[PDB]
Amino acid sequence: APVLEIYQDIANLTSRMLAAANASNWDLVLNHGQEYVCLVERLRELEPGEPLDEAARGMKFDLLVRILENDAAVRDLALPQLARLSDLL
Amino acid sequence: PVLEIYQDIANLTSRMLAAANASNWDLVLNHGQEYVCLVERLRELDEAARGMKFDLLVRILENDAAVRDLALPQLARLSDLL
């Protein structure tokens with residue numbers, strides 16, 4: 001199904017964001033957010049419904065766990081550096 | 001159901017957005033423990049229910065992005081100084 005295509009793309013994009021965050025390329029991470037918002041809008045046009053196939057349910061669930069884990073991992077790379085540097089100024 | 005989890009992750013992300021707005025990065029970071037725990041608790045539906053879940057998801061997705069959009073330009077410009 002096609003809505004599975006957008007979850008995949010968001011997972012791929014969030015993995016790219018993670019790679020940038022890993023390299024401390026904050027501006028790239030932000031630049032990836034532009035696509036991210038596009039992808040969420042497109043997601044929003046397909047969803048919700050109609051129900052999903054059991055096979056395609058566990059796949060989306062996985063994709064989500066991955067998107068959320070990526071989102072958490074970006075924050076967990078960036079924020080300790082932000083906190084630290086903020087403390088200084 | 002699994003809506004509970006989704007609800008809890010959405011709510012938490014709202015508290016993180018509120019903290020972010022206030023520049024309390026430590027507090028954003030402390031809730032991040034709670035998020036991850038809820039996310040891993042996930043690794044583990046009628047139409048009204050799927051509309052509900054989908055709504056929560058969009059909110060979580062928007063919230064993560066809203067926090068990055070606050071946090072990262074500050075970080076970009078502070079690493080550059082230092």
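Just the heavy atoms: all of them, side chains too, but no hydrogens, waters or symmetry mates, feed the values below. A, B, ... follow the sequence lines: proteins, then strands. Residue 1 opens every chain.
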>> How close do A:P48 and B:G51 get, counting heavy atoms only, and between which atoms?
In response: CG-CA, 3.7 Å
>> If I compare all heavy atoms of B:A71 with all of A:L82, which pair ends up nearest, and what's the gap?
In response: O-CD2, 3.2 Å
> Yes or no on side-chain contact (heavy atoms from CB on, under 4.5 Å) for B:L72 and A:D27, after CA distance, side-chain angles and deciding distance?
Replying inline: CA-CA 7 Å; B:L72 298 189; A:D27 277 334; over 6 Å; no
>> Holding to salt bridge (charged side-chain N to carboxylate O under 4.0 Å, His left out), I want the full list of residues that pass it with A:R16, two or more places apart in sequence or in another chain.
In response: A:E35
>> Can you tell me which portion of B:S79 sits under 4.5 Å from chain A's heavy atoms? Options are side chain, backbone, both or neither.
In response: both
> At what distance, to the nearest 0.5 angstrom, does CZ of A:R84 lie from CG of B:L78?
Replying inline: 12.5 Å
>> If you define the side chain from C-beta out and look only at heavy atoms, does anything of B:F54 sit under 4.5 Å from A:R44?
In response: yes
> Do the non-hydrogen side-chain atoms of A:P51 and B:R50 ever get within less than 4.5 Å of each other?
Replying inline: yes
Name the atoms and distances for all side-chain donor-acceptor pairs under 3.5 Å in residues 62-74 of chain A, with sequence neighbours left out.
{"residue": "A:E69", "atom": "OE1", "partner": "B:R43", "partner atom": "NH2", "Å": "3.4"}
{"residue": "A:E69", "atom": "OE2", "partner": "B:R43", "partner atom": "NE", "Å": "3.1"}
{"residue": "A:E69", "atom": "OE2", "partner": "B:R43", "partner atom": "NH2", "Å": "2.4"}
{"residue": "A:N70", "atom": "ND2", "partner": "A:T14", "partner atom": "OG1", "Å": "3.2"}
{"residue": "A:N70", "atom": "ND2", "partner": "A:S15", "partner atom": "OG", "Å": "3.0"}
{"residue": "A:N70", "atom": "ND2", "partner": "A:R66", "partner atom": "O", "Å": "3.4"}
{"residue": "A:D71", "atom": "OD1", "partner": "B:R68", "partner atom": "NH1", "Å": "3.3"}
{"residue": "A:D71", "atom": "OD2", "partner": "A:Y36", "partner atom": "OH", "Å": "3.2"}

